[PDB]
Amino acid sequence: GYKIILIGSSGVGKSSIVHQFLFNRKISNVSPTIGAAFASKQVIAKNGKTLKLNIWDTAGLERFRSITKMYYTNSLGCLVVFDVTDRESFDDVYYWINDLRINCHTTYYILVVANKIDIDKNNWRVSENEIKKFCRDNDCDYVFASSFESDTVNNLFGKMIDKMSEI
Ligand SMILES: Nc1nc2c(ncn2[C@@H]2O[C@H](COP(=O)(O)OP(=O)(O)OP(=O)(O)O)[C@@H](O)[C@H]2O)c(=O)[nH]1
Ligand SMILES: [Mg+2]
């Protein structure tokens with residue numbers, strides 16, 4: 001299988017994204033993550049291979065960082081999620097990626113997820129240009145999503161799946 005972790009500050013929607021990827025309904029059973037939670041899903045990649053995604057959904061709360069840190073190692077893909085209205089959550093992305101890289105040398109693809117795009121654009125606290133510029137400087141990709149819109153979750157996992165299939 002392919003180890004994928006979701007990291008990012010508390011409340012950005014990591015668990016909502018994972019539940020949407022796993023289940024085809026409205027999401028409703030979500031509380032803050034403490035210990036990392038595991039799920040697996042087998043998917044057909046564009047090259048026709050079946051890939052098993054081994055997914056760990058980790059805690060964003062600051063007091064639980066010493067749990068989340070124990071899940072970095074041996075990750076092949078990472079989704080780093082932030083909330084477009086939560087400026088601190090965006091500033092935190094740099095440090096999430098920095099910390100992952102201190103602890104893990106195996107990641108092949110880091111995808112920054114700008115989440116909660118359903119919120120009115122005039123309430124966003126980060127611009128598309130800032131997001132693109134950040135990623136251009138930090139050897140990572142970006143995508144825009146809303147946990148409540150399955151089309152955006154299918155898309156962001158599709159990008160991750162395509163990259164895993166290149167390994
Ligand atoms: N408007 C909006 N709210 C969202 C979206 N995704 C998640 N939320 C809400 O944000 C809150 C936090 O979502 P979670 O999925 O628990 O966030 P998390 O990143 O897993 O948080 P931690 O486990 O504490 O790190 C919930 O009330 C969600 O319903 C989204 O795309 N748009
Ligand atoms: Mg969570």
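Position 1 is the first residue of the sequence, and the numbers go up from there. In each ligand, atom 1 is the first atom listed, and ligand 1 is the first ligand listed. The analysis underlying the following values was restricted to heavy atoms, covering all of them including side chains, and did not include hydrogens, waters or symmetry mates.
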**OP:** List the closest protein heavy-atom neighbour of atom 16 (O) of ligand 1: residue, atom name, distance to the nearest 0.1 Å.
**Re:** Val30 CG1, 3.0 Å
Subject >> Proximity winner for atom 6 (N) of ligand 1, if only heavy atoms of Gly60, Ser147, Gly13 are counted >> reply: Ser147
**OP:** Quick one: closest heavy-atom pair of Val112 and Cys140, and the distance?
**Re:** CG2-SG, 3.8 Å
Original post:
Any idea which part of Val81 is under 4.0 Å from ligand 1, heavy-atom wise: side chain, backbone, both or neither?
Top reply: neither
Original post:
Can you find an N or O of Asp57 that's nearer than 3.5 Å to an N or O of ligand 1?
Top reply: no
Subject >> Nearest-contact summary for atom 25 (O) of ligand 1 - protein heavy atom, Å >> reply: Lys14 NZ, 2.7 Å
Original post:
Relative to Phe21, does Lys41 satisfy both conditions: NZ or CZ under 6.0 angstrom from the six-membered ring centre, and within 45 degrees of the ring's axis?
Top reply: yes
**OP:** Report the part of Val12 in contact with ligand 1, treating N, CA, C, O as backbone and CB onward as side chain, heavy atoms under 4.0 Å; options are side chain, backbone, both, neither.
**Re:** both
Subject >> Test applied, side chain to side chain contact (heavy atoms under 4.5 Å, CB included); reference residue, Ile5; option that passes from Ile55, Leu100, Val80 >> reply: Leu100
**OP:** Compute the shortest N/O to N/O distance between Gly11 and ligand 1 and return yes if it is under 3.5 Å, no if not.
**Re:** yes
**OP:** Identify the heavy atoms of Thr106 and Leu76 that sit nearest to each other, and give their distance.
**Re:** O-CD2, 3.7 Å
**OP:** Give the residue and atom name of whichever protein heavy atom lies nearest to atom 29 (O) of ligand 1, and the separation in Å to one decimal.
**Re:** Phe148 CZ, 3.5 Å
Subject >> N, O or S atoms of the protein lying under 2.8 Å from the Mg ion (ligand 2) >> reply: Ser15 OG, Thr33 OG1
**OP:** If you have a sec, work out which protein heavy atom is nearest atom 10 (O) of ligand 1 and how many Å separate them, to one decimal?
**Re:** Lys116 NZ, 3.2 Å
Subject >> Aromatic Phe90 / basic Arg87 pairing, under 6.0 angstrom, 45° off normal >> reply: no
Original post:
Can you tell me the protein heavy atom closest to atom 1 (N) of ligand 1 and the distance?
Top reply: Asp118 OD2, 2.9 Å
**OP:** Report the part of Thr33 in contact with ligand 1, treating N, CA, C, O as backbone and CB onward as side chain, heavy atoms under 4.0 Å; options are side chain, backbone, both, neither.
**Re:** both
Subject >> All salt bridge (charged side-chain N to carboxylate O under 4.0 Å, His left out) counterparts of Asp141, not counting sequence neighbours >> reply: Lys159
Original post:
Any donor and acceptor pair, going by atom type alone, linking the side chain of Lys49 with main-chain N or O of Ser165 inside 3.5 Å?
Top reply: yes
